[PDB]
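[1] Let me start by giving you these chains from the complex, positioned as in the assembled structure:
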Amino acid sequence: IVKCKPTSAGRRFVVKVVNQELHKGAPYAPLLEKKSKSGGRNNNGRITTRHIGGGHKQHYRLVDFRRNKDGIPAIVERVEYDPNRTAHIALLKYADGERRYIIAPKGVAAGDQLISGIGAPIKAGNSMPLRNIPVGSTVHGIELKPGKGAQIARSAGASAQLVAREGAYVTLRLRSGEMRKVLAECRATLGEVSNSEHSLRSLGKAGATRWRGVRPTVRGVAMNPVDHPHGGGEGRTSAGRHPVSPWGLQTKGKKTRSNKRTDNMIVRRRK
Amino acid sequence: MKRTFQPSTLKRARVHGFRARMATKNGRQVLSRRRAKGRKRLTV
């Protein structure tokens, strides 16, 4: 965390997060692949998510969310920057060549770690089935179907706390604040994700948004009646509607979950 | 002050060419209307 001096009117509010033990260039080439941008656009060519476009060219890193090698110890080579996410990634070298990327946990640099059916818990970074993880311990990178890979708690500094256990399932409080029953056959990694000071950085200037591939938001009271329901009016009007999307869905409080096929898996909502 | 027609023989043939017209059903009947009118070119 550094705070830039105001030598120009754009650096006045740039709070920058710089890690000096991140690796200095040349990511691990046999484990990257090509990734082109969508612009938020369908296979019908239609903008289906707005405010997406531009940015920097990026390569996709084949980060392992499954952590399948069991019993084979992996040493950590280096922690790298990943353009595709807000977390860091750690290059692991298994005991038989076999480089892979995982999501880096907090406190890793050249440490040892092994995902298995019964690995050491003290080391944060060991992937493990949710049956034999001790209750009360903070985990991240939780699978949600066995074999599917990690899906939950994998942003920067994200974690979930394993709170209870019964039957074939296991209950864990999520970072969202909601209690979620998850199957105990599926894996999780002990610890907490690495780049937890990511919420401190300030972008500073409008260009810093534009090179993350994010594109400006016209707010709907600035549009015409044909463009948005927040219509027009003379002067600054205030959306005489109730506040609503550009497609007419109400936005300030209205619930939009309608899944029903996974409601029993959610033991308590965001409270 | 550039104008609306900026010529390109590659873009002309991939939008209006013969393979393009006969690739799709709606353009495959452009070529039959334009042949029923008796035109000299039918792909321009």
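    Arrived safely, thanks for sending. Residues are numbered from 1 along each chain as shown, chains lettered A, B, ... in the order given.
[2] what's around the closest residue to residue A:98 other than its chain neighbours, how many residues?
    Spatially, and ignoring its direct neighbours in sequence, residue A:98 is nearest to residue A:69 (7.1 Å; C-beta to C-beta, 6 or more residues apart in numbering or on different chains). Where C-beta positions appear, they are placed from N, C-alpha and C, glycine not excepted. Per other C-beta atoms under 10 Å in any protein chain shown, the neighbour tally for residue A:69 reads 19.
[3] Surely residue A:69 touches residue A:94?
    Yes. With contact defined as C-beta atoms under 8 Å, residue A:69 counts as touching residue A:94 (5.6 Å).
[4] joint contacts of the two?
    By C-beta atoms under 8 Å, 6 or more residues apart in numbering or on different chains, residue A:69 and residue A:94 have these common neighbours: residue A:100.
[5] for residue B:14, helix, strand, or coil?
    At residue B:14, secondary structure determined by DSSP: H, G, I helix; E, B strand; the rest coil is helix.
[6] hang on, it packs against residue B:20?
    Yes. Using C-beta under 8 Å as the test, residue B:14 is close enough to residue B:20 to be in contact (6.0 Å).
[7] Between these two, which is the more surrounded one?
    residue B:20 (14 against 11).
[8] for the more buried one, what are its contacts?
    By C-beta under 8 Å, 6+ apart, the contact set of residue B:20 is B:13, B:14, B:27.
[9] same deal with residue A:65?
    Taking C-beta under 8 Å, 6+ apart, we find residue A:65 in contact with A:103, A:141, A:143, A:149, A:150, A:151, A:154.
[10] following sequence is RNA strand C, place it on the structure:
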RNA sequence: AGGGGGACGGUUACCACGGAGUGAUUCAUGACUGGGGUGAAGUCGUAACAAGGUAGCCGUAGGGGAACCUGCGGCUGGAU
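    Let me put RNA strand C in with the others:
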């Protein structure tokens, strides 16, 4: 004849007064304001002095027409 040497010249430094630009620092004044003092005291009031009718007081944040209340650490200049 002239020379030496003077005198008025020529212009070179020095400088008072004057000029210009931009600042300092002081003095008077200034619509309008904010407290202070002395009065006379009309007024909501009872805030302190008894265990002053909710014990006072001090620092400080915080909050409220007012003479005023809670908290955190503080003191009896606190008494049965």
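[11] please look at the neighbour count of residue A:69 again, because RNA strand C has been put in.
    Neighbourhood size, residue A:69 [other C-beta under 10 Å]: 19.
[12] and what of the one 3 residues further on?
    Other residues near residue A:72 number 13, with proximity taken as other C-beta under 10 Å.
[13] does it sit in a helix or strand, and which one?
    Assigned by DSSP states H and E, residue A:72 belongs to no helix or strand.
[14] go on, the one 5 residues further on?
    Counting by DSSP H and E, the element that carries residue A:77 is strand A:74-80.
[15] Next, the buried residues of that strand.
    Within strand A:74-80, the residues that qualify as buried are A:74, A:76, A:78, A:79, A:80, counting by 16 or more other C-beta atoms under 10 Å in any protein chain shown.
[16] so which of those comes closest to residue A:10?
    Ranked by distance to residue A:10 (C-beta to C-beta), those are led by residue A:80 at 27.9 Å.
[17] For that closest one, name its beta-bridge partners.
    When assigned by DSSP bridges, residue A:80 has beta-bridge partners residue A:89.
[18] on that earlier part again, with distance to residue A:258 added, can I get the buried residues of strand A:74-80 in CSV?
    Converted to CSV, the buried residues of strand A:74-80 look like this (distance: C-beta to C-beta, whole Å):
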residue, distance to residue A:258
A:74, 42
A:76, 43
A:78, 44
A:79, 40
A:80, 40
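[19] out of those, who's nearest residue A:193?
    Using C-beta to C-beta, residue A:79 is the member of these that lies nearest residue A:193, at 11.9 Å.
[20] ok now do that closest one, which residues does it touch?
    The contact partners of residue A:79, by C-beta under 8 Å, 6+ apart, come to A:19, A:21, A:22, A:23, A:88, A:89, A:90, A:91, A:104, A:108, A:109, A:194.
[21] RNA strand D goes on too:
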RNA sequence: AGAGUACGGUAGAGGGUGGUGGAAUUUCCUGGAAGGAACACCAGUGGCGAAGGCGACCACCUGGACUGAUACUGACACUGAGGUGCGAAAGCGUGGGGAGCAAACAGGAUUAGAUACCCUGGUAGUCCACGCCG
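    The block that follows adds RNA strand D to the chains above:
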């Protein structure tokens, strides 16, 4: 002789880091699971530090005095404007936490009225790291 040191020996909430605790209370739920905070007794007109200050248990890196003497120094002294650090808590920083209470308030009962003491509720805060206020 004043002042200092070489030698142990205890006494001591010195102070800080990390943990390990317990009951309540609180919050859940079918007696367990969960985490915050101050640690009844030992508590003392007791210790300790220049001062401010400071108590469960545990190690770990560290202070100054006392005293028992034995050694040596040879006034090296005290005080000290300026100068320089260091100073309770509410704070407001710059990041987190989260129980009870509670600054901020809403009403409840009360009075000419509560804006009060009483009654039902809760964020800032105390906690942590660096830093500022002094």
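[22] RNA strand D added, so what about the contacts of residue B:20 now?
    Counting by C-beta under 8 Å, 6+ apart, residue B:20 has contacts B:13, B:14, B:27.
[23] run the last query once more with 7 Å
    Shown in contact with residue B:20 (C-beta atoms under 7 Å, 6 or more residues apart in numbering or on different chains): B:14, B:27.
[24] Go ahead and list the helix or strand containing it.
    Per DSSP H and E, residue B:20 falls inside helix B:18-21.
[25] Enumerate the positions of that helix that are buried.
    Buried residues in helix B:18-21, counted by 16+ other C-beta under 10 Å: residue B:21.
[26] So which other helices or strands are in contact with the helix or strand that it is followed by?
    Later in the chain than helix B:18-21, the nearest helix or strand by DSSP H and E is helix B:25-28. Applying 3 or more C-beta pairs under 7 Å, 6 or more residues apart in numbering or on different chains; DSSP states H and E, we find helix B:25-28 packed against helix B:18-21.
[27] Just give me the residue closest to the centre of the chain.
    Here I'm looking at chain A. residue A:155 (2.9 Å; C-alpha atoms, centre = their mean).
[28] actually it's chain B I care about, not the one you picked
    Geometric centre of chain B, nearest residue: residue B:16, 2.9 Å, by C-alpha atoms, centre = their mean.
[29] Could you measure from that one over to residue B:25?
    Plainly put, residue B:16 is 16 Å away from residue B:25 if you go by C-beta to C-beta, to the nearest Å.
[30] can you count the residues close to residue 37?
    Went with chain A since none was named. Using other C-beta under 10 Å, residue A:37 has 14 neighbouring residues.
[31] oops, I was thinking of chain B
    For residue B:37, the neighbour count with other C-beta under 10 Å is 8.
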